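Quick notes on the structure that follows.
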Amino acid sequence: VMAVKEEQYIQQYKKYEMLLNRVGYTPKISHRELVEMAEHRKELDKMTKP
Amino acid sequence: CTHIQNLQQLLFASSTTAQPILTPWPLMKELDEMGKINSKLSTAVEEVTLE
Amino acid sequence: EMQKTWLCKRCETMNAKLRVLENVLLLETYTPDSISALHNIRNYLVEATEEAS
Amino acid sequence: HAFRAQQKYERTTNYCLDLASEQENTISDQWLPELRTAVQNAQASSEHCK
């Protein structure tokens, strides 16, 4: 059973440099402002809600 | 005299908690969980390859 | 005797296999929205928010 | 006969009891580097805490 199924078991090492996930805020840094433009339109749409 | 009492309670701890503990007391998780993924989920590893 | 070697050759794998996949979802939670952070390099008209403020 | 109690069978009890540690008593010091193989799994629990 470990003749070939160890492949997924030994593939866990090549992904060690994956610790860089903290950069997830980097799009959130920007795209949230980019969707803030979308968020502004509903706040533009708040012009008429009163 | 010393062994018979030792064999029962202390060397018992030095036997029953020696071969699965003395070296492996932190390797029980390297004994059972090792068998959980690479022996129990061993057939489940083929699942990603099969599907 | 050999569990300190082979039952423990995965002592240096469960440390790794558990750890490596941890830093995966956080990046993947921003790729569908990352288009606006990348398709809008000159189109960061988030400025136009304040040009339209 | 006490030695026969010892050699014939109690040494076997030592093989049952003493020898159950003879394969781990010298490795009890190896537990300290084996800890570094095992505490490295313990910090793997700490890595996914955040």
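Chains as they are written, first to last, in the authors' numbering: chain M, 200 to 249; chain P, 516 to 566; chain N, 319 to 371; chain O, 649 to 698. All residues carry an ideal CB built from backbone N, CA and C; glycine is no exception.
A Cβ-Cβ contact shorter than 7 Å links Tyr348 of chain N with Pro226 of chain M.
One thing to note: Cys326 of chain N has its Cβ within 7 Å of the Cβ of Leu542 of chain P.
Under the 8 Å Cβ criterion, the region 548–555 of chain P does not count as touching the region 654–671 of chain O, having fewer than three qualifying pairs. The C-alpha of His230 of chain M lies about 28 Å from the C-alpha of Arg337 of chain N. The three-state secondary structure of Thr247 of chain M, taken from DSSP, is coil. The beta-carbon of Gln688 of chain O is placed less than 7 Å from the nearest beta-carbon of chain N.
For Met549 of chain P, a Cβ of chain N is located within less than 7 Å of the residue's own Cβ. Between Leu556 of chain P and chain O, the shortest Cβ-Cβ separation is not below 7 Å. The C-alpha of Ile228 of chain M lies about 14 Å from the C-alpha of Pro350 of chain N.
Here the alpha carbon of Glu206 of chain M sits roughly 11 Å from the alpha carbon of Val200 of chain M.
In this structure, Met236 of chain M sits near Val364 of chain N, with a CB-CB distance shorter than 7 Å.
Around the Cβ of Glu369 of chain N, a 10 Å sphere holds fewer than 16 other Cβ atoms; the residue is exposed.
Interface with chain P (7 Å Cβ-Cβ cutoff): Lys327 of chain N is excluded.
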